[PDB]
Amino acid sequence: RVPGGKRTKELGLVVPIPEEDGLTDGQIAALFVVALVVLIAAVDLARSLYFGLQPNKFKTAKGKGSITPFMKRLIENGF
Amino acid sequence: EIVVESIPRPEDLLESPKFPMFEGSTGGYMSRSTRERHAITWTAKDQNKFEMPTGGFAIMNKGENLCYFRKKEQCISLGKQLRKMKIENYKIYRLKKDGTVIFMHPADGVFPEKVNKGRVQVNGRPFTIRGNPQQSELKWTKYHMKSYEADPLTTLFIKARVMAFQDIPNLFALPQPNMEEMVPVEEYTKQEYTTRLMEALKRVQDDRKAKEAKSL
Amino acid sequence: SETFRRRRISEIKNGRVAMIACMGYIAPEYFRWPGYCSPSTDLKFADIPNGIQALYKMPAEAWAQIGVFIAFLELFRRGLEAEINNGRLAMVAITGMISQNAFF
Amino acid sequence: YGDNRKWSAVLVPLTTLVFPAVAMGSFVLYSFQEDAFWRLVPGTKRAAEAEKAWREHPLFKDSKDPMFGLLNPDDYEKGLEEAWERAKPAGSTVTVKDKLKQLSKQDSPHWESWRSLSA
Amino acid sequence: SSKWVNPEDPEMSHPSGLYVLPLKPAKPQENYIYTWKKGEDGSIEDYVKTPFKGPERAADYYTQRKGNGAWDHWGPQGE
Amino acid sequence: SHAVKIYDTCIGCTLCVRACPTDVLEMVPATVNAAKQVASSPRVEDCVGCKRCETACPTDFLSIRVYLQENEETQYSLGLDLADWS
Amino acid sequence: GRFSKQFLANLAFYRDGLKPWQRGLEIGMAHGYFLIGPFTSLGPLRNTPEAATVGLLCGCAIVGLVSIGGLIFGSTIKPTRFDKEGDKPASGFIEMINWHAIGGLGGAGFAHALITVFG
Amino acid sequence: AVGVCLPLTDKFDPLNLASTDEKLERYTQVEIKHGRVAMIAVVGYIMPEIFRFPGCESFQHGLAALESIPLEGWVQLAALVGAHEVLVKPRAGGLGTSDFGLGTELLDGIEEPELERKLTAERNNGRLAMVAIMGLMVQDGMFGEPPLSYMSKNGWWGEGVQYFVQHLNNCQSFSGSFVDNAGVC
Ligand code: CLA
Ligand code: CLA
Ligand code: CLA
Ligand SMILES: CC(=O)O[C@H]1CC(C)(C)C(=C=C/C(C)=C/C=C/C(C)=C/C=C/C=C(C)/C=C/C=C(C)/C=C/[C@@]23O[C@]2(C)C[C@@H](O)CC3(C)C)[C@](C)(O)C1
Ligand code: KC2
Ligand SMILES: CC1=C(C#C/C(C)=C/C=C/C(C)=C/C=C/C=C(C)/C=C/C=C(C)/C=C/[C@@]23O[C@]2(C)C[C@@H](O)CC3(C)C)C(C)(C)C[C@H](O)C1
Ligand SMILES: CC1=C(/C=C/C(C)=C/C=C/C(C)=C/C=C/C=C(C)/C=C/C=C(C)/C=C/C2=C(C)CCCC2(C)C)C(C)(C)CCC1
Ligand code: SF4
Ligand code: SF4
């Protein structure tokens, strides 16, 4: 390095550099696989946020909707 | 009774005796990029020098004069200047792309500043300016963020609500619903259901009175 | 149609230029003009080679002047049947000769 | 050390030149859609459809009414008529129903005129 | 005393706020563009209005505009 | 477009109408005040939002209010000249 | 003026009796041919033996970018002045832009070949 | 329609090969099968580099695998593929000849736009996989080793395009350079 700091030059502070890179190609690939999973989930989340709630679902969607018993208890308790 | 003039499209009327003698400039409407126009037609007793809203000056013909512009603002400014010169017969028209002519400025043949019969107030509010309802009071309603468009009845109702909700000590707290008693919509009379709801409300009030009187 | 007429003009022209190119390939080996092609650089026809090598050899100035002359030329029925047939033959011959020179 | 720069040689361009350019082109293409920004640009078919869906839902079918909440409008009206009868000035022809209708009605034809674009 | 009738709400006044109905032309102006017209004798004109079969720009944004009003909200009387 | 509203404090002096640059306003008969007229805003679609009516209003606080609506901007309210949205 | 009218009318964009592919091809030939030069002469590798080839690559990249922009323009605004009767809107414009990309590649390559061959 | 995405407003067929419905259906079936084989082949190229199944360590990876694997093993693999191709037929009532009732539970009773999106995603991935597998096989044949190992040894630009980038920072392999940095690009 060509240090430009007065304190660095005075005290001889150094930026030690390893001989070998910390992570290997396989480790970087695994991290990238996890990042890809994150990206897919994030795209799905962005789509959901963009489209918001769909109150029409009760007209065509399968099932009859459900409220968890704890959610019902919270509703009964109130705010 | 008012008759709308022919006012041919400017692209069709290349040269007309009506057009006043004017210098010309780059401030005129862009013919390549716009099609909507505004025509102002008046009658002058004498040739008075006047300033075009688009750049230079002009001389109006003795008789009928017609000018073309892009904006009602330009037409109205020219009309104001003509009124200053005491030309009160000027009319303004909007010309669509297809040639339809809409008589605009003396909408009913009488200048707006002069009162005329058959005119009804539009966008008029029956109270002082500060009589408008609070914006936070009508939220998630028709007037979600426009408290200056609420009807007088809505304003009165919201005002009465804010007066009512000051008396905290005696306000009926809405009973908490029993989520257990939920049935499908498919699974009587409206009046009968209202009466049953009223019996339920009276029962709730009696229970509340007993519970509060237990320890007081 | 317009496409057929344009293609006909293009074919006729490509045939004329192909006869010209075939003649210009054939002649130099038999004989070459004398007279110091580029006297400034002491260049002579005997020294210049024949083929794609000429493009590198003779000066860019000379090539540009030839191009300017062609630009001036461009900017400013048994006989015709023979013309077009010979154009086809010359186009085949010139493409073959140029391909052979480039390959080998 | 630094032998992982082969990853950078593919990622730094692909992330800071290719992806931004694709995103910008896609944004320009998206800007010209019928519903470019339907949640902030008034008069969009998607926004109108969403509002109609909310109205279709039973709970929210009349949640936009500022006067919503009256359990017994008939009883409220009857009490209001009794109050106006007691407070009526002598020789008053103003009735509660007529006055309420007049106050509910107004003349504001330029409010949310962009609704036409959607429908 | 306004001849215009509000399409959305008959009780209210028309959004236009005008009192005289529009006048339709004998023949509506057809779409055109300003181009050159070579005179066939060496001459050439600059701004010659010539017919154009369809929209000059077929974008949905351009074509959706009918010019009836600010939002094309005027009733049939606008035409 | 902007929202031009008129309140009953109006005294019908017509100054707003005279100051209108694009003729959005007009006086209409009324009985609320002594002048027996109140300004109206029928052509609010042409309102540009210059608030010259508001400048010319005499009343202690304005009997005419122009509420700007930047989200609903139209070509008439923007005074577009070189480009046409019609 | 007469000269300006004739010149503009005879530009490739305007010339009579030209197919959209002809217009685009000519315009792209010109564009690429002049575009390769700036990178060749003033690029970072202008002094290196690969200056001409790197400049050709940069010019082809510029041609591609402008052609992508033109494709976006024809997909969004969809000019219909080059379209044949009874044809999809902006088909002629898109054809012209694609052939402009082709012509730019060709002109850049031709300029690079001339530079290489004639020093 | 199916197979047409945003970048192409209309169907891409410059040569008008799908003139008739029969030819369009045949080409759709062929394209779907080709894209499927190409997709699995591309993962097939990437994964052996990462790891090898027990007993498959010795075998060469790419086109060299054709010579390395025994002819008997190749015969067995082709026999398995042929048995699958001959003993499996499209499910009755299916979307066409391209489907074989494999995972149709996920697509049954779904909205038609979603089914179209799934089919178009399949086709687009298949097309990109065809392009990528041809790239991988051509590079493997030309440079003698699988593209992934070749990139690990030489980088994204190797021995064919490194000449262009021989003077770039972190990629500078020009003669006399104070650093080689040729294997990092
Ligand atoms: C948010 C955290 C974050 C940030 C700020 C950076 C920043 C950087 N990384 Mg990255 N990186 C991250 C997380 C992050 N990284 C993670 C989690 C990994 C493991 C997979 C990597 C793996 C990685 C490698 C292998 C390399 C870099 C490199 C780089 C540099 C250029 C960008 C690049 O090539 O990205 C590439 C990385 C990815 C595409 C992985 C995803 C990165 C994060 C999670 C994206 C987050 C997006 C953000 C929340 C919202 C964006 C909105 C957008 C629309 C504007 C830069 C210093 C290069 C370098 O060191 O150059 C000298 C390089 O070679 N990064
Ligand atoms: C991306 C590529 C792709 C896509 C989109 C599809 C799509 C389809 N294939 Mg398949 N197919 C593919 C590749 C693909 N295929 C390949 C490579 C092969 C060769 C092995 C096949 C072979 C094949 C056959 C033989 C058949 C199909 C059929 C089908 C249909 C099955 C229904 C379904 O839900 O599938 C889509 C489902 C998926 C793509 C799986 C999604 C899950 C992924 C793999 C993991 C997600 C991980 C992620 C990180 C987690 C998300 C977290 C959070 C967001 C929830 C459908 C049209 C059938 C058909 O034609 O029906 C009409 C049929 O018969 N395919
Ligand atoms: C999407 C698929 C894909 C991908 C990701 C890659 C990726 C790669 N290929 Mg390619 N390749 C592909 C498909 C693909 N290939 C296919 C289908 C084939 C078969 C024809 C090949 C054949 C091939 C060969 C023979 C070589 C590569 C090489 C490379 C590497 C360097 C590329 C580079 O930066 O050149 C940069 C090059 C330049 C800046 C100079 C321009 C050179 C020519 C004129 C470019 C022509 C293609 C053009 C860029 C495409 C434009 C768009 C297209 C629609 C027309 C890189 C790992 C090279 C390498 O290093 O391999 C180890 C190499 O020698 N590839
Ligand atoms: C009525 C009508 O219209 O006609 C009909 C008729 C018909 C027949 C039905 C049709 C068809 C189908 C056709 C024409 C299908 C053609 C398919 C072709 C040409 C496939 C090529 C694959 C090449 C590969 C995999 C190369 C792979 C190359 C590799 C792996 C090379 C590998 C190496 O060379 C590399 C690259 C470098 C070398 O040093 C080393 C080695 C290993 C040799 C039509 C025309 O559609 C319609
Ligand atoms: C067929 C087309 C053609 C035409 C119509 C044409 C007309 C004229 C005119 C008329 C106004 C003048 C005055 C003129 C003058 C010179 N010409 Mg030129 N010339 C043509 C072709 C070539 C070729 C092929 C070469 C060439 C050259 C020179 C040199 C330099 C010589 C030197 O090198 O010392 C000089 C002074 C040579 C060259 O540039 O060499 C570097 C060379 O090889 N010319 N040339
Ligand atoms: C389809 C079908 C049938 C079938 C079938 C059969 C037999 C199918 C068999 C399928 C088979 C055998 C599929 C193997 C997959 C292996 C995978 C995906 C491995 C990935 C491994 C990965 C992604 C690991 C990655 C890495 O971690 C590694 C290793 C190193 C780390 O540095 C980091 C990385 C990321 C690089 C039936 C049942 C017979 C009938 C039915 O009717 C239809
Ligand atoms: C004003 C002025 C001026 C200007 C100028 C200019 C502007 C120029 C331009 C120039 C240019 C701009 C040029 C260009 C050219 C080009 C060319 C010459 C090209 C060619 C091409 C080719 C030949 C191609 C081919 C191809 C293709 C197309 C594809 C395929 C392949 C091939 C190769 C075949 C001056 C300076 C004079 C001065 C005075 C004034
Ligand atoms: S708005 Fe103001 S200026 Fe206009 S009449 Fe009313 S009080 Fe007078
Ligand atoms: S803001 Fe200006 S244009 Fe609008 S009503 Fe008031 S004075 Fe007229």
Side-chain angles (χ1 to χ4, degrees), chain B residues 120-128 130-134 136-143 146-175 188-206 208-209, chain D residues 55 58-109 111, chain E residues 9-13, chain F residues 5 7-9 30-32 38:
Chain B
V120 289
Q121 196 186 33
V122 176
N123 293 294
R125 320 214 84 225
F127 37 73
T128 57
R130 187 74 301 279
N132 290 319
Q134 309 184 11
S136 39
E137 223 51 29
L138 62 80
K139 228 195 182 183
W140 311 120
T141 87
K142 280 166 43 158
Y143 319 102
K146 317 228 159 287
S147 59
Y148 52 89
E149 311 250 36
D151 47 312
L153 181 54
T154 293
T155 300
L156 221 60
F157 184 93
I158 273 154
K159 188 183 172 40
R161 177 163 77 210
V162 299
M163 313 177 7
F165 285 6
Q166 308 297 311
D167 178 319
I168 303 274
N170 63 347
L171 268 175
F172 181 72
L174 303 188
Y188 41 64
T189 308
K190 164 175 272 217
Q191 157 292 340
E192 220 301 319
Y193 260 114
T194 285
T195 300
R196 204 191 281 81
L197 160 61
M198 268 323 133
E199 313 327 321
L201 252 52
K202 189 197 162 180
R203 263 167 80 256
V204 163
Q205 293 193 270
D206 287 33
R208 266 162 206 201
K209 183 178 179 180
Chain D
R55 300 285 78 71
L59 260 43
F60 312 82
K61 72 155 291 205
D62 36 15
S63 90
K64 297 295 241 173
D65 186 18
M67 266 86 70
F68 184 61
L70 284 161
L71 287 189
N72 219 356
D74 48 41
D75 163 11
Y76 165 76
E77 178 298 351
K78 182 193 305 198
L80 192 51
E81 310 265 0
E82 181 285 357
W84 185 237
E85 295 302 320
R86 287 189 70 180
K88 239 178 170 147
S92 151
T93 37
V94 176
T95 79
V96 173
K97 295 199 165 277
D98 152 32
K99 198 51 166 285
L100 290 196
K101 258 66 188 181
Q102 146 173 349
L103 293 196
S104 79
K105 296 158 167 55
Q106 76 184 127
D107 202 339
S108 65
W111 180 44
Chain E
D9 218 332
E11 297 120 305
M12 307 189 153
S13 300
Chain F
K5 307 268 148 165
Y7 304 84
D8 61 356
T9 61
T31 89
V32 76
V38 292

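Order of the sequence lines fixes the chain letters, A, B, ..., with proteins taken first and strands second; residue numbering starts at 1 for each chain. What's counted below: heavy atoms across the whole structure, side chains too, no hydrogens, waters or symmetry copies.
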Heavy-atom donor-acceptor pair, [X] side chain to [Y] backbone, under 3.5 Å:
{"X": "D:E82", "Y": "D:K78", "result": "no"}
{"X": "D:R55", "Y": "D:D62", "result": "no"}
{"X": "D:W84", "Y": "D:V94", "result": "yes"}
{"X": "D:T95", "Y": "D:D98", "result": "yes"}

Least distance between heavy atoms, [X] atom then [Y] atom:
{"X": "D:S104", "Y": "B:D151", "answer": "O-CB, 3.4 Å"}
{"X": "D:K64", "Y": "B:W140", "answer": "CD-O, 3.4 Å"}
{"X": "B:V204", "Y": "B:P175", "answer": "CG1-CG, 3.9 Å"}
{"X": "F:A30", "Y": "F:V38", "answer": "CB-CG2, 3.6 Å"}
{"X": "B:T155", "Y": "B:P133", "answer": "OG1-CD, 3.3 Å"}
{"X": "B:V122", "Y": "D:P109", "answer": "CG1-CD, 3.6 Å"}

side-chain contact (heavy atoms from CB on, under 4.5 Å), that's the test. Do B:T194 and D:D74 meet it? Break it down for me. CA-CA 11 Å; B:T194 285; D:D74 48 41; 6.0 Å; no
Distance from [X] atom [atom1] to [Y] atom [atom2], nearest 0.5 Å?
{"X": "B:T141", "Y": "D:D65", "atom1": "OG1", "atom2": "CG", "answer": "8.5 Å"}
{"X": "D:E81", "Y": "D:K88", "atom1": "CD", "atom2": "NZ", "answer": "7.5 Å"}
{"X": "D:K105", "Y": "D:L100", "atom1": "NZ", "atom2": "CG", "answer": "10.5 Å"}
{"X": "D:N72", "Y": "D:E77", "atom1": "CG", "atom2": "CD", "answer": "11.0 Å"}
{"X": "B:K209", "Y": "B:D206", "atom1": "NZ", "atom2": "CG", "answer": "7.5 Å"}
{"X": "D:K97", "Y": "D:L80", "atom1": "NZ", "atom2": "CG", "answer": "9.5 Å"}

If you count the non-hydrogen atoms of other residues, nucleotides and ligands that lie under 6.0 Å from CZ in B:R203, is the total more than 12?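 No.
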Using a cut-off of 6.0 Å, state whether more than 12 heavy atoms not belonging to B:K159 lie near its atom NZ. no
[X] side chain near [Y] side chain, heavy-atom distance below 4.5 Å:
{"X": "D:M67", "Y": "B:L153", "result": "yes"}
{"X": "D:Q106", "Y": "B:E149", "result": "no"}
{"X": "D:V96", "Y": "D:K99", "result": "no"}
{"X": "D:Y76", "Y": "D:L71", "result": "no"}

Decide whether B:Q191 and B:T195 meet the rule of one side-chain donor and one side-chain acceptor closer than 3.5 Å. yes
Can B:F157 and D:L70 be said to form a side-chain contact (heavy atoms from CB on, under 4.5 Å), step by step? CA-CA 11 Å; B:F157 184 93; D:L70 284 161; 4.3 Å; yes
B:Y148: ring pair (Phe, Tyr, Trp, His ring centres under 6.0 Å) partners, not counting sequence neighbours: F:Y67
Going through the distances and angles, do D:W111 and B:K142 end up as a side-chain contact (heavy atoms from CB on, under 4.5 Å)? CA-CA 11 Å; D:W111 180 44; B:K142 280 166 43 158; 4.1 Å; yes
Quick one: do B:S147 and B:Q134 satisfy side-chain contact (heavy atoms from CB on, under 4.5 Å)? Show the steps, please. CA-CA 7 Å; B:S147 59; B:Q134 309 184 11; over 6 Å; no
